[PDB]
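We name chains A, B, ... by the order of the sequence lines, and we start the count at 1 in each one. Atom set for the values below is all heavy atoms of this structure, side chains included, hydrogens, waters and symmetry mates excluded.
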Amino acid sequence: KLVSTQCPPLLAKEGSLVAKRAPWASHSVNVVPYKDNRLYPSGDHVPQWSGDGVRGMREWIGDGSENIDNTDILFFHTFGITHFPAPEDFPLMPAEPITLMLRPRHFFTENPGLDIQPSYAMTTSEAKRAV
Amino acid sequence: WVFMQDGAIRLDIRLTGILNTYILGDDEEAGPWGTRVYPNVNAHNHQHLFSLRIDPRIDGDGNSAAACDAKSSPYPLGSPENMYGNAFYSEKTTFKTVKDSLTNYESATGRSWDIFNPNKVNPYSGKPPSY
Ligand SMILES: [Cu+2]
C-alpha cells in the first residue's frame with residue numbers, strides 16, 4: 001500500500017507549458033499497461049518539446065480505455081512539495097524532507113519481524129522467577 | 001420568389017410603406033414601447049413574422065427534416081483525438097416525431113435545417129439528397 005501524503009496538485013493551469021510537458025504531474029497516480037521501454041513520462045527526449053503530441057504518459061494513457069486490472073501494469077506516482085521561500089532558506093537552505101512509503105498489507109499472515117532477536121524480553125513467568 | 005442557377009431557391013421580402021402611428025402627448029414619453037418619430041407621433045415597437053409553408057418532395061417521395069448544428073469536437077485540447085483543439089463537425093438531429101421538430105434558430109451553432117430523402121444517397125458524399 002502506497003501511503004503518500006506530500007502530493008501537491010499541479011498549480012499550473014491546464015494547457016500551460018508546464019502542464020503539457022509534464023502530462024504525469026496532473027494526477028497523484030497514473031496507472032497504465034506495461035510495455036517494454038515505458039520509462040520516461042515526458043518523452044525520451046525532453047528538452048525543448050512543446051508539450052504537443054502523443055508521447056510519454058499521454059501516449060500510454062491513450063483514450064484511457066485500456067485494461068489495467070489483473071495484468072502487467074506500471075504505476076506512476078506524482079509527489080513533491082510547494083516551496084514558498086523564506087529568509088531561513090537563504091543563503092544556504094536547511095534540508096526540507098519528503099517521504100512516501102509502500103507497506104505490506106495482507107501480504108503476510110502476521111508481523112514478519114517477530115523472529116528478530118528482541119533487545120529485551122521478560123516473560124510473565126520469568127518475571128515471577130526473578131521474584 | 002427567386003430561382004438561381006446553382007439550384008438554390010430564395011425568398012426575398014422588402015418592407016416599406018408607412019409606420020403605424022398613434023398619438024403622443026406634448027409631454028408624453030414614447031416610453032420603451034415606441035418611438036417619437038415626429039412631434040406628437042408615436043410609432044410602437046412590433047414584429048413582422050411570416051410562416052413559410054413548404055410541402056417537399058426532395059428527389060421524390062418519402063422525406064424527413066433535421067436540425068444541423070456546428071459543434072467543436074467533444075475531445076479537449078491536447079487529447080490524442082484533438083491535439084490542437086481545432087476539430088469540429090456538424091451534428092445532424094433528424095426529427096422522428098412532430099415534437100422533435102419544434103426548434104428555433106440558434107446562433108450558437110449556426111443552425112440550419114435539412115429537408116432530405118432518406119431513401120437515396122449521394123454517390124460521392126454518401127449523404128442523402130437534400131435542400
Ligand atoms: Cu525549493
Side-chain angles (χ1 to χ4, degrees), chain A residues 8-69 71 73-78 80, chain B residues 58 63-131:
Chain A
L10 178 55
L11 290 172
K13 255 82 151 112
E14 317 186 17
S16 64
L17 240 187
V18 169
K20 301 215 282 166
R21 304 184 70 217
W24 49 269
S26 336
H27 297 97
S28 288
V29 165
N30 304 264
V31 184
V32 296
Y34 174 86
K35 239 112 211 126
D36 282 313
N37 292 303
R38 262 177 184 188
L39 309 174
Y40 312 126
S42 291
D44 286 357
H45 301 291
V46 181
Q48 293 172 249
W49 170 39
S50 77
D52 300 288
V54 177
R55 58 175 82 166
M57 193 65 266
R58 184 167 308 130
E59 175 190 320
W60 309 337
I61 284 171
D63 64 12
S65 85
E66 282 164 276
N67 172 55
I68 46 163
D69 190 9
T71 187
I73 60 174
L74 288 177
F75 194 115
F76 287 75
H77 177 53
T78 297
Chain B
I58 311 288
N63 294 5
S64 305
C68 290
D69 298 300
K71 313 222 96 148
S72 305
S73 157
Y75 293 89
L77 218 216
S79 61
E81 298 93 355
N82 194 12
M83 185 62 55
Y84 302 85
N86 60 302
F88 78 73
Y89 63 108
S90 176
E91 186 170 68
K92 194 203 196 155
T93 301
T94 111
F95 310 142
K96 271 143 160 244
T97 251
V98 172
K99 194 203 184 156
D100 298 324
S101 80
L102 310 191
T103 50
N104 292 326
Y105 171 66
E106 305 292 351
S107 50
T109 61
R111 169 172 290 175
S112 61
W113 294 264
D114 279 1
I115 304 177
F116 60 97
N117 194 146
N119 305 286
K120 292 165 169 169
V121 203
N122 183 289
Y124 284 169
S125 73
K127 307 315 208 188
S130 92
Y131 256 71

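At a heavy-atom cut-off of under 4.5 Å, chain A is reached by no residue from residues 113-131 of chain B. Residues from residues 81-105 of chain B that place a non-hydrogen atom less than 4.5 Å from a non-hydrogen atom of chain A comprise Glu81(B), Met83(B), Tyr84(B), given in numerical order.
Taking the side chain as every heavy atom from C-beta outward, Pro41(A) and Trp60(A) approach each other to under 4.5 Å. Here the side chains of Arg38(A) and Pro33(A) are in contact, with some heavy-atom distance below 4.5 Å. Contact of the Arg55(A) side chain with the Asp44(A) side chain is not registered, since no non-hydrogen atoms from C-beta on lie closer than 4.5 Å.
Applying the 6.0 Å contact sphere to CD of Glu106(B) captures more than 12 heavy atoms from other residues, nucleotides or ligands. Summarising the local packing, CG of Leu17(A) is surrounded by 12 or fewer heavy atoms from other residues, nucleotides or ligands at distances under 6.0 Å. The 12-atom threshold is exceeded at NE2 of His77(A), counting heavy atoms of other residues, nucleotides or ligands nearer than 6.0 Å.
Paired with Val32(A) under the rule side-chain contact (heavy atoms from CB on, under 4.5 Å), one option of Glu59(A), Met57(A), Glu66(A) passes, and it is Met57(A).
Residues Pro23(A) and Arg58(A) come closest through the heavy atom pair CB-NH2, 4.0 Å.
For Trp24(A) and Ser42(A), the side-chain atoms include at least one donor-acceptor pair closer than 3.5 Å.
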